[PDB]
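Read the structure below first, then the notes.
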Amino acid sequence: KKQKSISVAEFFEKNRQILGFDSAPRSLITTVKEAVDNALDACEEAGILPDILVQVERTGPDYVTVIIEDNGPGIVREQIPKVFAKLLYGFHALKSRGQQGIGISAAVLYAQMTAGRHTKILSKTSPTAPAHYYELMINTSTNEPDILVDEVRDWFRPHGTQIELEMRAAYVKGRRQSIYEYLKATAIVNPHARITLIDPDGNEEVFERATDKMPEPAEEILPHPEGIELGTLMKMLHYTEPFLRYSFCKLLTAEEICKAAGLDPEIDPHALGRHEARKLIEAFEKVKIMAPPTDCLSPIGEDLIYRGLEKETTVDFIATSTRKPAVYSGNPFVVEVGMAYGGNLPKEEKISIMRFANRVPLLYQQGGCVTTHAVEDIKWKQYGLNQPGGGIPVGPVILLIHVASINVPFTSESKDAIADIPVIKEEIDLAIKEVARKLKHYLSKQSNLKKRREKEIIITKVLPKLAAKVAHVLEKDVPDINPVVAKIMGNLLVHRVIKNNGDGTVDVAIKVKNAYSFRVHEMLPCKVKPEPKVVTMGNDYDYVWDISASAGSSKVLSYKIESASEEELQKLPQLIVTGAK
Amino acid sequence: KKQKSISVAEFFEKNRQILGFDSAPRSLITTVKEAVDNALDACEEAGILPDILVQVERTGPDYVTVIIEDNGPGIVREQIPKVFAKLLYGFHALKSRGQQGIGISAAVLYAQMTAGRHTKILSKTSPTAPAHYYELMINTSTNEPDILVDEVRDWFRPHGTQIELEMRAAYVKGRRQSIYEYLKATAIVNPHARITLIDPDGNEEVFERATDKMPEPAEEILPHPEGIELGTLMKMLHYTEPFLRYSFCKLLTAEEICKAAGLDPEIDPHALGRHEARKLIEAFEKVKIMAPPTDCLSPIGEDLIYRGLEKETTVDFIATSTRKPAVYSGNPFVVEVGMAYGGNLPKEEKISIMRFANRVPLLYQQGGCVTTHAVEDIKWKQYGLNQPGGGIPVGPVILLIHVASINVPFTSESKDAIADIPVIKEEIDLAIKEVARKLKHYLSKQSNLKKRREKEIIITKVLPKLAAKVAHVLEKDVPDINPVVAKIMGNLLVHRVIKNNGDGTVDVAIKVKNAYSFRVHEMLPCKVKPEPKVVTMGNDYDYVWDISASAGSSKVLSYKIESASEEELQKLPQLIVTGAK
Amino acid sequence: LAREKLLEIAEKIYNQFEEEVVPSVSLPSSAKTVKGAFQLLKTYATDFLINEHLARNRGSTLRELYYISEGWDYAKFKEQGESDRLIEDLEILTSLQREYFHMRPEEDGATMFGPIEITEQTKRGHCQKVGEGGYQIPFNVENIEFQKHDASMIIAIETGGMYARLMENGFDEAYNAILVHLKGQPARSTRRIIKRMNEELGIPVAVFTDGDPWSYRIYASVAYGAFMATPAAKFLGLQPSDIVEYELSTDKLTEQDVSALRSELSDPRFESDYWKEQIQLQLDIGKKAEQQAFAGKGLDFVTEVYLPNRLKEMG
Amino acid sequence: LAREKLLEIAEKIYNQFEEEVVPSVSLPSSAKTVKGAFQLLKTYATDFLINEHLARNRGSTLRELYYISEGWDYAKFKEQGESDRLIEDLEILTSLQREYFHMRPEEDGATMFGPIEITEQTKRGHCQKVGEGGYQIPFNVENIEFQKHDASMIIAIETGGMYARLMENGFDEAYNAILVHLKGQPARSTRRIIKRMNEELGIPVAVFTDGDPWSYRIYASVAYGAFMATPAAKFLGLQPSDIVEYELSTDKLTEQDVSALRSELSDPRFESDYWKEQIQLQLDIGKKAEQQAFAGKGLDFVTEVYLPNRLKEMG
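Chains as they are written, first to last, in full-length UniProt numbering: chain Z, 11 to 100, 103 to 107, 109 to 254, 260 to 268, 271 to 534, 539 to 552, 556 to 604, 613 to 616; chain Y, 11 to 100, 103 to 107, 109 to 254, 260 to 268, 271 to 534, 539 to 552, 556 to 604, 613 to 616; chain B, 15 to 43, 68 to 80, 82 to 164, 169 to 172, 174 to 270, 279 to 367; chain D, 15 to 43, 68 to 80, 82 to 164, 169 to 172, 174 to 270, 279 to 367.
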């Protein structure tokens with residue numbers, strides 16, 4: 011981002027895009043793409059579930075006013091310039110949003126430059142204190158700002174700080190996917206925050222959600238070799254100062277490195293050279309040591325994520341996963357992945373995937389984003405979502421992929437996607453998979469129940485059918501629809517064939533199609556078999572057989588006479604698996 | 011346009027439109043909307059039919075390079091900053110293009126700011142002289158420029174000066190109406206110029222046209238009261254210095277004005293006041309005097325205009341008109357109007373009207389332009405162009421409306437249209453009418469010839485018809501198709517009815533339908556009438572009658588026997604208007 | 015081949031030629071200029088194939104016209120879009136409904152069944172019990189014969205089915221009737237037959253169509269126009293009121309229909325307060341109504357319940 | 015009403031029920071699950088209206104089926120899109136062309152004229172000289189009779205005109221023939237008649253259609269499919293080669309046609325090198341060709357020149 015020299019507004023109009031402002035639609039959103047994060051950045055420090063009201067009235071032909079009420083701790087009077095302007099250089105390699114300060118400053122500028130009306134600011138530190146109101150401006154040339162109003166306004170219910178910006182841009186488009194989506198996106202990932210939005214013309218989306226558990230504390234660190242390069246050594250040396263156990267986190273490895281470069285384990289720090297630099301740089305490469313730090317990042321959370329969605333949408337089956345912190349050439353990172361299936365979602369295909377970078381969102385051209393890629397690189401249909409294409413499985417879903425790292429690998433020079441790094445995708449993958457399966461289970465279970473009701477009808481259908489084949493073919497009647505039906509759900513049929521003579525041979529056959541152990545009774549008056560096992564009650568007796576047939580076994584039980592006809596009037600019970616158990 | 015204070019690039023990004031640069035499409039065109047005029051502005055001074063090559067290659071993803079070769083007199087080394095930058099204030105109230114310098118500077122800037130590559134410039138004064146090459150830049154803050162390369166490049170065929178600009182914009186769109194149209198528009202109005210354009214990817218439109226007659230010399234002047242206002246008096250007094263016969267063109273009227281304000285016909289000029297100003301201003305209003313100047317403008321020309329089109333298109337009937345110089349509340353003006361009809365033009369409707377302001381074109385939203393308005397405010401169909409709507413008559417046409425005036429009444433604060441002034445439209449009108457009629461004559465004549473060939477067929481049609489009514493109705497035959505046919509073109513029919521008996525009464529009847541004087545012969549052997560007038564030749568005689576019938580007169584001539592049958596074999600000649616004259 | 019009571023006025027078309035030429039211009043009712075002169079010359084091509092080919096029998100059609108016309112130059116045809124106008128003009132000037140002139144059309148007015156024998160006359164060189177498809181009144185309605193009338197009512201039905209099944213089960217005997225199917229819009233053949241019985245026999249005639257306005261317009265194309281009517285007739289066909297009470301399945305209607313409903317009302321053509329009342333029902337119910345649908349409530353139902361039921365209360 | 019040589023296999027549909035139930039599952043050829075179980079239950084509704092209403096006569100149609108079906112619940116119909124499949128299924132399992140089962144369709148196979156008397160049989164309770177529209181073979185082709193054959197060739201023509209005028213001028217006498225018009229695609233009635241003569245009489249049959257592929261496909265819908281053919285037949289109809297030499301006016305063709313030409317070639321269905329050769333002519337000439345167009349070169353022309361001319365050189 012350089013530390014310039016002599017030119018101010020230009021810097022803008024020249025990076026009039028790499029920065030974020032090209033068109034009317036992204037003009038506004040960029041402003042909020044900042045506004046809202048400074049706030050979370052603020053509060054998240056010591057001031058709780060922060061709530062943020064953010065308006066935007068229609069002012070004139072094509073200009074707009076944007077209100078952004080804080081709720082944080084307000085800001086120190088001699089620190090406005092520093093937080094609402096950005097001409098700072100030099103440090104700091106810890107996990109947050111906007112890629113280094115460039116934030117809000119941009120906003121002020123565009124407003125200041127497009128429409129031109131200074132910039133309203135208002136804040137209160139705590140309960141009893143003045144509430145200051147500032148009208149800031151940046152008059153070019155002289156880079157340093159130029160405060161213009163520092164009075165004391167009465168009211169506000171002290172404890173926060175609102176910004177009011179007017180600037181020729183365009184909120185208006187809220188359909189195709191622009192603003193509402195941003196805060197909604199912001200909403201779902203930062204559960205620990207209340208977001209109310211009142212958009213021009215009158216309407217009000219209140220993302221009032223919760224589980225007030227402030228995020229895990231953002232932390233800082235020294236760097237690790239791998240990930241250091243040409244620019245690094247120039248910076249390290251040229252300015253500040260043993261330069262090994264002092265500014266390169268996680271003694272013996274100091275004196276051992278000096279040799280592999282051509283330097284003595286004692287010589288002085290600065291003014292070493294411009295060519296003896298390319299030699300020590302690899303003095304790290306070839307000697308891979310211990311490990312950077314794990315105790316260093318702040319995932320959003322397997323749980324919160326869950327909440328995030330369940331509260332801000334309308335899904336049916338959900339799954340979160342926060343994988344252990346992985347690492348690539350020096351920079352630590354953790355990726356969390358959540359997935360939600362159908363409901364309020366879209367009918368067929370058009371899968372929606374919203375990506376999330378170190379808590380910031382992203383809504384600009386998915387193409388190329390390591391995220392989208394990974395999404396296309398694996399499985400597909402045979403998992404649960406029947407969608408052909410050649411990349412990106414589609415149907416009523418919704419996927420969230422998060423990445424955290426003190427510094428992040430972005431493609432274009434304007435944080436909009438992640439560069440396809442081996443050790444990262446190698447992670448997101450088994451991470452998107454991490455749920456890609458928990459879904460299957462659901463579907464495998466869900467769709468399953470269907471294959472449990474399909475049946476219930478092929479048993480009130482298979483019925484009248486063999487009953488239509490009767491009052492239409494003069495053949496006895498509806499010939500045991502049961503044997504067949506039982507062969508469908510494939511349980512095990514138990515029936516009783518019977519023949520009459522000058523005797524009375526009756527056979528009870530049973531056959532399974534699944539693998540169990542069975543107990544079978546049968547009560548009658550006497551009898552004249557393939558092994559019995561009788562007990563007697565009252566008068567009529569009870570013949571209890573005992574069998575255990577499996578797979579596709581088919582056994583047959585028999586016996587004989589006594590009385591007649593009347594017999595056709597029973598239904599033999601069993602014990603295991613009518614029949615109890 | 012103000013004289014600022016402290017801020018440079020901003021001025022731009024803030025007037026980032028009122029200036030002309032909003033979108034990718036108009037980004038480029040604005041650059042040329044300048045480039046090309048400085049040139050004509052130059053040459054038109056002392057250096058002849060200037061030719062201008064203007065390229066634009068595709069450079070990268072969405073940046074462009076634009077070459078603009080001059081042919082003028084080149085530019086003085088210590089005058090580049092002054093002509094390629096624009097931070098000037100103060103004078104000059106004469107007729109040209111760009112509304113006061115703001116020109117090319119803008120271009121340099123945008124290029125300098127969008128892509129950033131300095132700005133190439135190259136020029137030669139005359140045959141033997143160095144040819145200088147400059148790389149200009151404007152480093153903000155310090156407004157004044159900052160030259161960066163002043164070497165001496167070898168070649169060029171000395172006598173002109175080319176500019177090479179690279180800038181993220183968009184030429185590319187040449188269809189819908191953008192660039193080609195601009196130079197084509199520029200082409201047609203500045204006949205005295207050769208315009209070749211080589212657009213990215215390869216193609217070449219050569220507007221090589223002529224009649225090398227440099228325009229009428231641009232001239233300057235002092236102002237005239239009416240048209241002076243609040244801002245004026247502050248300027249006049251506050252800085253320079260009897261302040262009546264010195265700075266307000268076209271003595272007795274000096275001492276006569278002083279009284280009607282409250283000032284003495286002798287007091288000193290400056291430091292008069294801020295409230296005694298509103299009193300003298302009307303001291304002019306109420307005392308209308310002589311007249312500003314007529315000898316002051318430069319129309320393009322009734323002729324050149326003609327040429328302009330005839331050469332750069334494909335019309336059929338054309339008409340030009342350069343009306344005398346009219347005047348409105350102080351500022352002199354002349355309006356010229358040209359109109360061209362059908363041919364290469366469009367089939368039905370969609371009338372195209374290209375407007376022209378003091379030689380500059382215009383191609384931005386016709387709505388509201390005094391021009392378009394006037395176009396809709398009068399006549400329509402009953403003139404020649406059958407087109408309903410409620411404004412703007414449509415069909416295959418093309419209308420040019422020009423306005424000239426030391427200062428021009430524009431609507432929006434960014435010269436794009438003309439404000440509906442009474443005394444101006446009151447002019448354009450009778451001016452667009454000025455041809456609106458010459459067309460009628462054509463159409464009235466043209467469409468007429470149709471009504472001259474329609475006939476030719478209703479005389480080779482009326483024929484076989486009464487011949488179909490024969491070989492189909494056994495009635496004698498095709499009964500004089502002539503009487504009818506003659507009644508169609510409405511000339512005057514001359515026939516000969518004949519009856520036989522024990523005598524031989526034959527009558528020659530004639531009847532007109534238009539108003540002339542006629543002479544009628546008739547040769548035969550003798551005869552036995557309604558007044559004759561005989562002369563004799565050889566044997567058979569000649570009976571010459573003399574009549575003059577008009578309107579719908581119907582006279583009848585008669586006579587008698589001699590021989591018989593054979594008679595049906597003649598056709599009587601006449602003399603006036613078969614029949615000679 | 016008769017056609018003289020017309021061939022007379024067909025020549026009289028000419029006559030208004032010389033009496034028209036000899037004295038002045040030649041306007042009909068308009069002639070005089072280009073499209074009005076040519077439109078005339080083509082008079083010739085006309086009265087040429089006609090009067091000279093009326094006594095030699097042969098008869099032809101429209102898209103043949105466009106061909107037998109490719110003969111007379113300075114008068115041929117650039118498009119079969121001419122056939123109409125002219126021939127449609129004849130209908131107006133010689134007051135002779137097209138056909139009279141010996142013209143066949145595009146279609147076949149078949150489908151008719153009832154108790155009444157007959158014969159026609161030309162072409163050569169029972170109706171009570174012929175076949176199934178039987179008589180197919182072809183391209184003409186003035187080649188007649190009768191003498192046999194033991195049925196007191198005629199029947200107007202439309203369906204490549206309802207009529208069909210109104211045959212099997214019948215109706216032709218113990219229930220009088222005279223059957224005539226129509227297949228969509230009924231033009232010449234058919235219509236001029238309907239009329240021929242509603243004037244030369246005093247015998248009633250009712251229409252039975254589906255529900256869609258596309259059927260309710262088929263009565264109007266027999267009701268009047270668009279020699280071809282039977283105005284004193286009624287519609288016992290599926291009327292919006294004779295289905296509310298008769299259960300019957302249904303179906304959802306679309307946009308093209310609702311815009312068709314405000315057309316048979318906001319345009320009073322035969323828009324009585326009784327076709328306005330049952331139609332208003334259409335606005336309400338908001339649903340269609342097939343014609344063979346009775347089959348839903350019994351197959352031997354139409355031939356039993358509806359027809360008679362609705363037929364005793366004539367109106 | 016016969017229909018027993020079929021009613022037999024129509025009951026045999028059932029039989030494969032118990033012999034199917036008593037022992038195992040019940041797949042036909068597939069049954070077993072939901073759409074394959076229901077699709078079956080509707082077997083019933085089927086073999087119910089049929090075998091029980093075959094000996095009681097009455098016969099009905101498709102959009103009636105959708106109604107007589109609104110009776111048997113747990114088996115009714117949600118859309119007339121069922122009629123096909125099932126009925127189209129019957130054609131495959133009981134090897135009985137639809138109609139056999141007592142089904143009438145959507146249309147009327149009228150238009151036929153020639154020298155051969157005949158009668159049909161059912162329904163009740169000459170062909171040489174009947175009328176003009178005369179016989180209209182209706183919804184069946186197995187109710188026959190013959191005995192009278194003094195014509196040695198049959199005729200396949202399509203036009204609500206060419207056929208018409210092929211009547212006036214005639215052809216029916218001193219030129220044998222048997223006339224049969226078709227009106228667009230010829231389905232059951234018609235076709236199974238064409239075939240019935242190309243097998244039970246050994247009598248040839250030729251097709252005469254316009255030029256448009258929309259006609260060249262009407263021969264293929266009689267040539268084979270899409279009991280219904282006459283494969284040994286030829287096309288003396290307007291073939292691309294019999295118009296190059298015969299002057300005749302023309303007309304420009306469009307996109308939908310050119311995409312239709314690469315379909316009757318890049319899809320070899322009856323694509324002989326002779327229908328490929330004359331078709332190739334279509335690619336070349338790049339123009340259409342009406343059918344009644346001969347009228348351009350004389351009215352008494354078709355009935356004189358083309359037909360015979362092309363008819364002596366059989367191929």
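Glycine residues also receive a C-beta, built at the ideal position from the N, C-alpha and C atoms.
Counted within 10 angstroms of its Cβ, other Cβ atoms place residue i as buried (16 or more) or exposed
i	result
Z/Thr314	exposed
Z/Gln597	exposed
D/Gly175	buried
D/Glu307	exposed
Neighbour list for residue i in chain Y, Cβ cutoff strictly below 8 Å
i	result
B/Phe31	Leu486, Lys489 and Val493
Whole-angstrom distance between residue j and residue i, CA atom to CA atom
i	j	result
Z/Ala95	Z/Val121	8 Å
Y/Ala183	Y/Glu177	16 Å
Y/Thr563	Y/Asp569	6 Å
Z/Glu229	Z/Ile287	41 Å
B/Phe116	B/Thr71	18 Å
D/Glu138	B/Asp194	34 Å
Host alpha helix (DSSP H) of residue i (start-end)
i	result
Y/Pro484	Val482 to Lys485
B/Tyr28	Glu18 to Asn29
Partner residues on chain D for residue i, Cβ-Cβ distance less than 7 Å
i	result
Z/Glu474	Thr71 and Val72
Boundaries (first-last residue) of the beta strand (DSSP E) holding residue i
i	result
Y/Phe376	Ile373 to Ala377
D/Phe279	From DSSP, D/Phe279 is part of no beta strand (DSSP E); its letter is neither H nor E.
Y/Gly358	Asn351 to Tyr361
Proximal chain Z residues relative to residue i, where beta-carbon distance stays under 7 Å
i	result
Y/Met126	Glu20, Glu23 and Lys24
D/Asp128	Under the 7 Å cutoff, chain Z gives no residues; its nearest Cβ is about 16 Å from D/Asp128.
Cross-chain neighbours of residue i in chain Y, by beta carbon under 9 Å
i	result
B/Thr82	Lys485, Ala488 and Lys489
| task | Only counting runs of 4 or more residues, tell me where the alpha helix (DSSP H) segments fall wholly within the stretch 11-41 of chain Y, in order along the chain. | result | 19-24, all fully within the stretch 11-41 of chain Y.
| Length-filtered (4 minimum) alpha helix (DSSP H) runs lying within the stretch 208-257 of chain B | 232-241
| request: Scan the stretch 310-361 of chain D and note each continuous beta strand (DSSP E) run of 3 residues or more that stays entirely inside, going in chain order. | output: Counting whole runs of 3 or more residues, the stretch 310-361 of chain D contains no beta strand (DSSP E) stretch at all.
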